[PDB]
Amino acid sequence: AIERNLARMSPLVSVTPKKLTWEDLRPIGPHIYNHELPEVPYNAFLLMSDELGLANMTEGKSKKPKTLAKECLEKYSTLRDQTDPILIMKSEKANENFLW
Amino acid sequence: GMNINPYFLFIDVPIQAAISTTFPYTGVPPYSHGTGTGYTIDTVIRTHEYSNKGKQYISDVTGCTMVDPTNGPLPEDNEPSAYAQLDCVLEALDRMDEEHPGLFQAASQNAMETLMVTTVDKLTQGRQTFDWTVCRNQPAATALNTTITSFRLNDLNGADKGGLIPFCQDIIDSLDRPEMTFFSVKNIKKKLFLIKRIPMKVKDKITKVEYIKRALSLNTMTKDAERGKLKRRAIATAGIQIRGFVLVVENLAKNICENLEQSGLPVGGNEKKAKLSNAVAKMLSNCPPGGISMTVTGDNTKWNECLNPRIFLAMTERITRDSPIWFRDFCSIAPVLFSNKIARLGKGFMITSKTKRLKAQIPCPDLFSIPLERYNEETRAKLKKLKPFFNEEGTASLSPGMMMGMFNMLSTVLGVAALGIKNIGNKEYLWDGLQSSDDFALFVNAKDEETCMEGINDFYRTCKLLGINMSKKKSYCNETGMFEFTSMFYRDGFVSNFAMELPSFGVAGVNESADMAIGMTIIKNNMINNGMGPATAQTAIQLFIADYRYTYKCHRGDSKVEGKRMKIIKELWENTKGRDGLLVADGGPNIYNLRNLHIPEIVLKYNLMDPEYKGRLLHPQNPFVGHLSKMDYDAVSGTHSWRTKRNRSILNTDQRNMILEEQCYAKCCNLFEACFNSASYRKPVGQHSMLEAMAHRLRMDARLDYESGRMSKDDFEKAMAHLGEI
Amino acid sequence: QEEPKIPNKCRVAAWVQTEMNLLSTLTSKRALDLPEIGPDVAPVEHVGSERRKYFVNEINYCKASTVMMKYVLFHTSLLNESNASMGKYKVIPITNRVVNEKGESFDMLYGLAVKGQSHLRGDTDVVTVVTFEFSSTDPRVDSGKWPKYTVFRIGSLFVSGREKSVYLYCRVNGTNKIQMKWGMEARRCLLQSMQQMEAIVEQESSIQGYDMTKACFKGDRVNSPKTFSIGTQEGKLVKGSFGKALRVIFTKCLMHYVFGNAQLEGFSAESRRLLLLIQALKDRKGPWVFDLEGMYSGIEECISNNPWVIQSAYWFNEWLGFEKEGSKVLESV
Amino acid sequence: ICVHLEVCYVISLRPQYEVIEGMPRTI
Amino acid sequence: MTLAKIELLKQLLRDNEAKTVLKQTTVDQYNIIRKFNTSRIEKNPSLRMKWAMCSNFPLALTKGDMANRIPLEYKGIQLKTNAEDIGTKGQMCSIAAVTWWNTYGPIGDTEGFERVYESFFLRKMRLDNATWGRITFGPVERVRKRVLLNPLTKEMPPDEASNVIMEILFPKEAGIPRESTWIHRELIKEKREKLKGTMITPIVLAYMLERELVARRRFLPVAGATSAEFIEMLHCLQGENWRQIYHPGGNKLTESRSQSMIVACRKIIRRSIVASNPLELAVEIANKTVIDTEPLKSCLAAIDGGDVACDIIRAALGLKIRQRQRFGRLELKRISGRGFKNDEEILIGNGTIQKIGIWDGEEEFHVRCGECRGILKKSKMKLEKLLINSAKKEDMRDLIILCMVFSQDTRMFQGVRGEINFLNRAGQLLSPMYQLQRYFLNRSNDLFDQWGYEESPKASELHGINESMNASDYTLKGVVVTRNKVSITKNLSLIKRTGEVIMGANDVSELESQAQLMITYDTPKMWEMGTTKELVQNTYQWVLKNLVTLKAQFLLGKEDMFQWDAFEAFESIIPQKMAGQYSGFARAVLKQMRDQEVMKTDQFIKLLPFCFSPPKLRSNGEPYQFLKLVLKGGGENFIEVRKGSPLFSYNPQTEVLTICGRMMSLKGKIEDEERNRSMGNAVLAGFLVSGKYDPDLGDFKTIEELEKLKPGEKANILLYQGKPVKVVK
RNA sequence: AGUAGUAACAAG
RNA sequence: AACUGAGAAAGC
RNA sequence: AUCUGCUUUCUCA
Ligand SMILES: *O[C@H]1[C@@H](O)[C@H](n2cnc3c(N)ncnc32)O[C@@H]1COP(=O)(O)OP(=O)(O)OP(=O)(O)OC[C@H]1O[C@@H](n2c[n+](C)c3c(=O)[nH]c(N)nc32)[C@H](O)[C@@H]1O
Ligand SMILES: Nc1nc2c(ncn2[C@@H]2O[C@H](COP(=O)(O)CP(=O)(O)OP(=O)(O)O)[C@@H](O)[C@H]2O)c(=O)[nH]1
Ligand SMILES: [Mg+2]
Ligand SMILES: [Mg+2]
């Protein structure tokens, strides 16, 4: 039966084998080179390389995250007391007033 | 400005040796959201489009639109085809039988004996089964119990015989009942606004055809945490009526698979690795001199969609040729049930008004109750294509395909039978393969590459004849020596892929001591058989201890971390003199290393614990471990082997009636276990009532106590009076 | 029924290469808090500890480790606050513990987080976290990198006599319980990075008869240090040390976690299917394909807006070009 | 079986003879 | 509490729902209702635990006095929830409650923990009372084998262990008294008396008993140590590239010692036969061989058993030869005889053709089993005679069955009618004779049915017996019942003083099996006793390290570079039949490379190890021709002359040599002209290149055709896929 | 808004 | 509204 | 010569 059906099966039903050559390996996802598309925005949960960690020398006594942050801000009192919003950049749907 | 390109690592280390880097299993696995109706309709449409050229008719049993692609026109292109040829499948099965004389007979004998010695309890081994009485998903035990009670209501007491055969006889007899009366669960909606839904168990009744559809119905949902796929898929669960016979069919197919050298099932893990390595070595040593051997790493596209339950019915009949007619009918039931299977489309679709900020859930029965222009384009097209097969009650006729794919073993048998041909037209090629459920690795030996590709093309066409659609997009071929099979990457030997088992390295989340043991043993096993070196093993120990301490808030006692548990941990650290014996859960140091990964924590620290702390921890009556019942037994485990109740709370739903039924069953089982202490260990058998067994056991115990003098004469009289009134 | 929001199609953004370069670089601070391990007895344990010294000293002093620890600690605190305070807006500082070469311990405050309503009954239910993170980068330098961030200028800091402006990146992000849990378990990015490299060391050992960790990292009197193709500088292949390769793999795993979604999973699977073909080509195995364009489409449908996936496609194209050059070198045989 | 059980019962607070017949195997 | 239980039953029957549940539900259906659960269980326990730990009272308390000892709040930390919701609600506590109990709670008794987890305490004792050797870095070939996870003192089949557990813990509701209840009566009674004074939960005790008795066997990658005491440390024992020497504590059964000794002796002999003066090398290795923690000489002296290899090593070491054999429960001593093993396509009773090991020639064995003895005389596949002594019925039956199987009687093979598996589910070769023994021990009826019965002996002392183990009037054919110094040759041949060889190296079983214990070789050349892949990798690494000197000697020297210790060890994995042909072919190829200017360094490395054995050229004086040199062990252990091989591949682009999966670099030892150099001159012995693929010559000629060519005759050779060339003599 | 991605959450 | 089969691990 | 009880987690299919 198998040979009979293969004989009467359409020749168009083929696995279409093709010897692979390096020329056949075109670059993947050409559209990512399309300058008409926007650059992929930074969408990570936190800043990875742009992170700025205010450093506070400790005394081997971890009290609480709240007190740790309070002490770290107190050391950098210039940043903590800044109440003047110098808006540099704004997300289109954000509210700089509410965010500040 | 040098730019780091991680792929340049492959310039040095081959892909297989660095395959672990290609598995992003440190990230969150994709999770499906909302309804799964879209994917269910997609699979229904795909199945019917792959089977549309077949014979379409209407079932006179259910009235559903049935499609039969088997024996249909041979495909004229490479699209997924379900038009399997019965003659080709039977020829493949005959070839396999010739290759394995007596294999079918032995498999049928084993399956029949197992069925004869199989009990109805075997149907409780399922996660979530479609309970037809409530038309929902219930734990397999719950669905089985509800089905048994409903059958009792309908004078179907085969389950009481204790065997699977009488219960399946009841299953097939219930289809003949003019109407089925069962225990359903409804809910009263009280507005307090909040619509609290208080469920209660009542009695309902349905007709013959409705019950038939429910029994043939498969409930669909969305799979969660699936990895390696961009788009989400749908999964389906069957009822008791189907699983009952699927068990026997799968057992027969498993018996067949265990004796096939080209099957990757049911073997697994190291056994599977050994089998595959031996097969690859044999196929390398069998290469004709000067010839070319080529391995095709191949995946089959739309495996469940194109597999036809009628083909599996034919396979069942062919395999069970020498069996008694009762067993042949029993094995044929399951493919018959799957050929008339109905798919429940799920939770429906959510329609929203953005400006009015409103949303509503249109259920599957009401899917076509609104104009199709109110659905999005994709959903609109899906509904338009689904309409012919849509059932007014809110289900779809899915006669073709194997949506659930519960025939993994039988599909493996079909694939192996496809591999068994090995040649067509006496051409100058010979193929032999390895066949898991759908994934496969072919090995074609010929005189040159051209003949190897001819053989691969012939294998492709032959699989098309059997209803198997090799995926040209995902399948590729190279010279023998490198390939991939079931994500096992063979490069002159199966390389170690450390990333696959990476997700299991974390806290297993059972309890402190159990999780400690699980993590240590996982590290040990990964070291044994996943290529994890001693340095990575020690780092894994460190990371597991870190995650464990941050999960159970049991940081080192001398540490400065603060918490509700940490204050008492620090007090214990100060009180304890043998601090090295304190458990990690109690803020003690981590003394685990590679050599002692196989020793439990308490045993490791038993000789270092202080007597006081050791006694407090290993208190036989500590309240944190569930006891059995003073008369309560001694719980040997420590205080850290505690249990957090698996609270299945549902907002605005007070399942007091369901909890009451569950607690009634629990009380009956607890009393029975108290009467029969061996019930927990060894399953108690018997066709008689639990009350009868308990009464006889208590009467014998009372008589023995009276004779031995344990019980006073007046107490014996009281016991006898109570038993008499019982 | 509203149309689903399809992920946008974005082009290669140069900031992903910068992130890969900076996260692989060696900093001066340690963030890993690896707990103690029982004393070594067997020679296998001593070998493991010796190898761990090199591996961790390479990973531990890298920016990627600090970022991973920040993510882990923040997700732990966020899960704790979400379960402890379901109906309250909580301030969750973004904190980390760092240690420099001198053994000095510092508390690093990278910003604050507002944990909104967190009645997270479902596993995929979303809690909104409003992150106000300190930074020194000026957004205007790469505006396309920061369309999601509202950035203010709040002051300045003196790492030295130099003056560095400080900006407050404000973003209304969100996360679910599954993401929090997997953030608490991001430490696994170490193992996948170590094992892959550790195996290599083991391989070298089997070829030399003795532990080759020091030789692979630093190079002993008999073996020169292991050098890997690490990257490109002006279109020329560049060689990095063994520790640099370890840090690159660790950064790759950390980005797998950070930018891990269905897009990355699908891209990984399909591009692995393609990587196996490329390897078969490099091994002169004469690979044959049946539908190459179908496999390419399967790969490409997973490249929409995941920055890591887009940069992975770019790196794959670059590495494929280099492998094509290598094959051209191979042809004359 | 019926005759055997009847004979056993005819043969039979504290009965002299306990009955092992006329009950399920397990009991 | 029988009265209390009866009162509870009456109280439960006072509830109509419980009454109907008890009445309708059968005893079998109990197992269903025990699993009744209305609400589906959640499926992310790790996330659920991380979520619950960040809460007030995730833990559940057990109502009682011990739960009351826990204070409501401790130093402002609420350990347990308030008790104002007692009504049908339950109680909860925090993890801080657990810590408080561990800190200030009552001090209980630990005897229960010691009793229940005695298995893990024994595991810890084995770990602690153990010594560690040295870690060796080098190739390790691990074979996936089904090994026992943990040591046991009495291993029983799972059903037998379950019956024993039921008898020990549940004597009353144990069911039918089975064979296990009798054959394990002593153990059951001992455990019952030991467990008499215990209040631990019966299910926990049952799991303790099954851990003590039931055997957990798993497929694991092992390398030369499969004993459970070693399997439990497998994670530290070795990897794919390193091997840690480990000496577990506790007592070791002598069966494992004997098996490891046999494996060690077989390895020593296999490595020694190829050596010049095999006796000296065999003695040298055996004097430095340690079985687990004892020297090989002591093990041979103290073990009253072994095989041909053990006897040969004993003779080499001076110990007496113990010509004893073990065939399962049967122990035999070769009184006299001689036979050479062969592989025969034996036809089994159920129509199965198997390459079973068959012995030939007259052979007499003093056999014994249990407490019974006898004398078995046999010939090729026939039991000539079996004179057995009077003993117990079961022991006598076991002896007769085992002797029937050992004799390989044709009736015994034809007596197999049933399910007999000679191949494990992983495709590994099970021993056919042992499988036949296992089948016939249980299903022994058919063996006696087909064996045939003749007249019982009427001699003065000889009286026959039948299947009833009684002196019946008819006896089993060929079976009767009765009531009544060596020297070793250089080539490891055991010879009597008369001049007759009694055992030789060629008589050693070729099977390569993992040792039960860890065999150590305290010699610098301890890798020469490794598996095929390990030997190949070590030899090629030695070649690479000395590649400069080897090549310089080859260019300068003529024949002194083909003799080395590493190549001598490598020869031990080349079959003797093909060793000479491989040596001739490889030497011819290397000489043809040297004489001409074609020097493919990769081919020189590939073929150099094979140039050790004395050449065995064809009858016409020309070397054989090969496409692949097949090495001993496994189907993938071969070297491709032209193509790459699983054991040896070369990448000219990167000049990287992948041997057994390990990548070495030839960068530094290479000439840039070599890449342009043609591979056709380093493929066929006595063949050079002349041009490209010539259509006129014809199609590619095979090895048989190539060997028959005349001098100066051109032909087409396909070096590998896509690379045809034209070669001449 | 945002997270996220073929459908959801942004409490019931 | 977390299915099927296989493998390993842990707990009862 | 090792082959001849279920629940949950992870991986694979
Ligand atoms: O573990 C393997 C082997 O090492 C072990 N074995 C063999 N001998 C002993 C002793 N003496 N003590 C402890 N363990 C022993 O049993 C396994 C056997 O594997 P293998 O090495 O493959 O066995 P072999 O190849 O020799 O064939 P096998 O039939 O198993 O016989 C082994 C043993 O028995 C002798 N023997 C069997 N038969 C049927 C024999 C026969 O008909 N005539 C003679 N002269 N000897 C026979 C074998 O020769 C060996 O002595
Ligand atoms: N019952 C289940 N079967 C599964 C599951 N995952 C895989 N499988 C089986 O394995 C087969 C492979 O399915 P995949 O997940 O690989 C679907 P993929 O999109 O990769 O293949 P096609 O779309 O069919 O080309 C599938 O047909 C099933 O028979 C699962 O979660 N449940
Ligand atoms: Mg797939
Ligand atoms: Mg595949």
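- Per the PDB entry, chain E is named Polymerase basic protein 2, and its organism is Influenza B virus.
- Note on chain E: under the UniProt heading Subunit (unreviewed entry), the record states "Influenza RNA polymerase is composed of three subunits: PB1, PB2 and PA. Interacts (via N-terminus) with PB1 (via C-terminus). Interacts with nucleoprotein NP (via N-terminus)."
- The UniProt entry for chain E carries the following comment under Sequence similarities (unreviewed entry): "Belongs to the influenza viruses PB2 family."

- Under the PDB entry, the name given to chain A is Polymerase acidic protein, and the source organism is Influenza B virus.

Here's the deal with the site of ligand 2
Residue and element names in this part refer to chain B.
- In the vicinity of ligand 2, the contacting residues are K223, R233, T301, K302, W303, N304, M404, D438 and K474.
- With respect to ligand 2, the side chain of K223 contributes an N or O atom lying 2.5 Å from an oxygen atom.
- One nitrogen or oxygen atom from the side chain of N304 is found 2.7 Å from an oxygen atom belonging to ligand 2.
- For ligand 2, whose accessible area on its own is 640 Å², the fraction buried by protein is 64%.
- When grouped by side-chain class, the residues that make up the shell around ligand 2 number two nonpolar, two polar and five charged.

Remarks on helix α9 (residues 292-300) of chain C
Residues and elements named next belong to chain C.
- Summarising burial for α9: seven of the nine residues are buried, a large majority.
- Listed in full, the buried residues belonging to α9 are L292, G294, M295, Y296, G298, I299 and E300.
- Its buried side turned inward, α9 meets α8 (262-282), β10 (288-289) and α10 (307-331).
- With a side-chain oxygen positioned 3.1 Å from the backbone nitrogen of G294, the residue opening α9 is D291.

Let's talk about the coordination of the magnesium ion (ligand 4)
- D299 of chain B (OD), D439 of chain B (OD) and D439 of chain B (OD) make up the full set of protein donors to the magnesium ion (ligand 4), lying at 1.9 to 2.3 Å. With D299 of chain B in the loop between β10 (292-298) and α10 (303-306) and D439 of chain B in the loop between β16 (429-435) and β17 (440-446), this residue pair connects regions lying 140 residues apart in the sequence.

With respect to the interface of chain E and chain B
- Taken together, the 128 residues of chain E in the interface contact 155 residues of chain B.
- Roughly 13200 Å² of surface becomes buried between chain E and chain B when both sides are summed, with 63% attributable to carbon and sulfur atoms.
- Along the contact surface separating chain E from chain B lie eight salt bridges.
- Here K50 of chain E makes a salt bridge to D547 of chain B, at a shortest N to O gap of 2.7 Å.
- On inspection of chain E and its partner chain B, the count reaches 52 residue pairs in polar contact.

Describing the protein's contact with RNA strand G
- Surrounding RNA strand G, one finds 39 residues, the nearest of these being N137, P266 and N408 of chain B together with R216 and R218 of chain E.
- Considering the 4 Å shell around the protein, atoms of RNA strand G inside it are sugar or phosphate in 79% of instances.
- A distance of 3.0 Å is found between a phosphate oxygen of RNA strand G and a side-chain nitrogen or oxygen belonging to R243 of chain B.
- Residue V267 of chain B places a main-chain N or O atom 3.2 Å away from a sugar or linking oxygen belonging to RNA strand G.
- When contributions to the surface near RNA strand G are tallied by element, the ones reaching two or more residues are β5 (136-138), β8 (217-222), β9 (234-237), α8 (240-258), α14 (408-420) and α16 (512-529) of chain B together with α12 (202-213) of chain E.
- Residue composition of the surface near RNA strand G, by class: 15 nonpolar, eleven polar and 13 charged.

Some words on a positive patch on the surface
- Taken together, the side chains of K61, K63, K66 and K70 of chain A present a region of like positive charge at the surface.
- For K66 of chain A, the position within the fold is in helix α2 (residues 65-75).

So, the sheet that holds β10 of chain C
- Ordered in space as β1(A)-β10(C)-β18(B)-β10(B)-β17(B)-β16(B), the six strands form an open sheet in which the pairing is antiparallel. Pairing within the sheet leaves two strands with one partner each, and these edge strands are β1 (18-19) of chain A together with β16 of chain B.
- Relative to β16 of chain B, helix α9 (residues 269-285) of chain B is tilted by about 175 degrees, and along the sheet it contacts β16 and β17 of chain B.
- Helix α15 (residues 449-465) of chain B contacts β1 of chain A, β10, β16, β17 and β18 (476-479) of chain B together with β10 of chain C of the sheet and is inclined by roughly 135 degrees relative to β17 of chain B.

What about a nonpolar patch on the surface?
- On the surface, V3, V7, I11 and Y17 of chain D cluster together into a nonpolar patch covering about 390 Å² of accessible area.
- With respect to the helices and strands, the residue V7 of chain D is situated in helix α1 (residues 2-11).

Let's talk about the protein's contact with RNA strand F
- Near RNA strand F, the surroundings consist of 34 residues, among which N652 of chain B together with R121, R171, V172 and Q179 of chain C are the closest.
- Near the protein, within 4 Å, the atoms of RNA strand F are sugar or phosphate in 65% of cases.
- At 2.7 Å from a sugar or linking oxygen of RNA strand F is found a side-chain nitrogen or oxygen belonging to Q117 of chain C.
- Between RNA strand F and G174 of chain C, the relevant distance is 3.4 Å, taken from a sugar or linking oxygen to a main-chain nitrogen or oxygen of the residue.
- Secondary structure elements with two or more residues in the surface near RNA strand F: α2 (37-50) of chain B together with β5 (126-135) and β7 (164-176) of chain C.
- The element best represented in the surface near RNA strand F is β7 of chain C, accounting for five residues.
- For the surface near RNA strand F, the per-class residue count stands at nine nonpolar, 16 polar and nine charged.

A few points about the site of ligand 1
All names here are of chain E.
- Among the 18 residues in the neighbourhood of ligand 1, the closest are listed as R266, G306, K341, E363 and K378.
- In this structure, an oxygen atom belonging to ligand 1 sits 3.5 Å away from a main-chain N or O atom of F406.
- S509 is positioned such that a nitrogen or oxygen atom in its side chain is 3.0 Å from an oxygen atom of ligand 1.
- Looking at the shell around ligand 1, the elements that each hand over two or more residues are α15 (254-273), β11 (324-326), β15 (363-369) and α21 (432-442).
- Among the residues making up the shell around ligand 1, the classes are represented as seven nonpolar, four polar and seven charged.

What to know about the nonpolar core
- Counting residues in hydrophobic clusters, the biggest one holds 291 residues, and the most contacted among them are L25 and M48 of chain A, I523 of chain B, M68 and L274 of chain C together with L296 and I313 of chain E.
- Discounting residues that sit within four places of it in the chain, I313 of chain E has contacts with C265, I268, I269, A282, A286, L296 and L300 of chain E.
- The next biggest cluster of nonpolar side chains, apart from the first, holds 124 residues, and it includes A253, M404, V416 and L442 of chain B.

A closer look at the pattern of salt bridges
- Applying the stated criterion across every chain yields a total of 92 salt bridges over all chains.
- Here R271 of chain E makes a salt bridge to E528 of chain E, at a shortest N to O gap of 2.5 Å. In this structure, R271 of chain E and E528 of chain E share a single accessibility class: buried.
- Put simply, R271 of chain E and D565 of chain E hold a salt bridge, and the shortest N to O gap is 3.6 Å.
- In this structure, a network of salt bridges that share partners links the residues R549, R556 and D558 of chain B together with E36 of chain C.

Points about the sheet that holds strand β9 (residues 289-291) of chain E
Residues and elements named next belong to chain E.
- Strand order in the open sheet formed by three strands is β10-β9-β24, with antiparallel pairing between adjacent strands. A single partner strand is all that each edge strand has here, and the edge strands are β10 (294-295) and β24 (519-521).
- The sheet contact formed by β9 and β10 spans two bridges and is antiparallel. Across the sheet, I291 pairs through a bridge with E294, a residue of β10.

Observations concerning α15 of chain B
- Helix length check: α15 of chain B, at 17 residues, gives a terminal C-alpha distance of 24 Å against a target of 24 Å (1.5 Å per residue), a fit within 8%.
- Taken across its 17 residues, α15 of chain B has 14 buried, putting it largely inside the fold.

Re the packing of helix α21 (residues 656-675) of chain B against helix α2 (residues 16-24) of chain E
- Following both chains from N to C, one finds α21 of chain B and α2 of chain E inclined at 55 degrees, their axes separated by 10 Å at the closest point. As far as their axial angle goes, α2 of chain E and α21 of chain B are oblique. Note on packing geometry: the crossing formed by α21 of chain B with α2 of chain E is right-handed. Contact residues: α21 of chain B offers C664, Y665 and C668 of chain B, while α2 of chain E offers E17, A18, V21 and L22 of chain E.
- Partitioned by chemical class, the residues of the contact of α21 of chain B with α2 of chain E number six nonpolar, no polar and one charged.

Observations regarding the interface of chain C and chain A
- At the junction of the two partners, chain C supplies 101 residues and chain A supplies 65 residues.
- Of the roughly 7700 Å² buried between chain C and chain A, counting both surfaces, carbon and sulfur atoms make up 67%.
- Summed over the three residues of chain C that lose the most area to chain A, namely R11, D107 and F152 of chain C, the buried surface amounts to 10% of that side.
- Connecting chain C to chain A are five salt bridges.
- The closest approach of N and O atoms between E51 of chain A and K70 of chain C, which form a salt bridge, is 2.4 Å.

Cut-offs used in this document
Residues numbered from 1 in each chain as written, not as in the entry; some residues may be left out. Chains lettered and ligands numbered in written order. Part of a larger assembly, values for the part shown. Heavy atoms only, no water. Residues with missing side-chain atoms left out of burial classes, pairs and counts. UniProt positions renumbered as here; feature names shortened; annotations may be inferred. Near = heavy atom within 4 Å. Polar contact = N/O pair within 3.5 Å; in protein donor to acceptor, adjacent residues only side chain to side chain. Areas by Shrake-Rupley, 256 points an atom, 1.4 Å probe, with all protein chains shown as cover. Nonpolar A, V, L, I, M, F, W, Y, C, P; charged D, E, K, R; others polar. Buried < 20%, exposed > 50% of the residue type's maximum accessible area, 1.4 Å probe, protein only. Helix = DSSP H or I, 4+ residues; strand = E, 2+ residues; numbered from the N terminus. Contact = heavy atoms within 4.5 Å. Donors = N, O, S within 2.8 Å, 3.2 Å for Na, K, Ca; no water. Buried area = accessible area lost by both parts, 1.4 Å probe. Salt bridge = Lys/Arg side-chain N within 4 Å of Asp/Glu carboxyl O. Patch = residues over 30% accessible without salt bridge, like charges linked within 9 Å, V, L, I, M, F, W, Y side chains within 5 Å. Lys, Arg positive; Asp, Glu negative; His and termini not counted. Charge placed at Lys NZ, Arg CZ, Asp CG, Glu CD. Pairing = 2+ DSSP bridges. Axes fitted to C-alpha atoms, helices over the stretch in contact; angles between N-to-C directions. Core = buried A, V, L, I, M, F, W, Y, C linked by side-chain atoms within 4.5 Å. Expected span 1.5 Å × (residues − 1). Parallel < 35°, antiparallel > 145°, perpendicular 65-115°, else oblique. Left-handed = near helix turned anticlockwise from the far one by under 90°.

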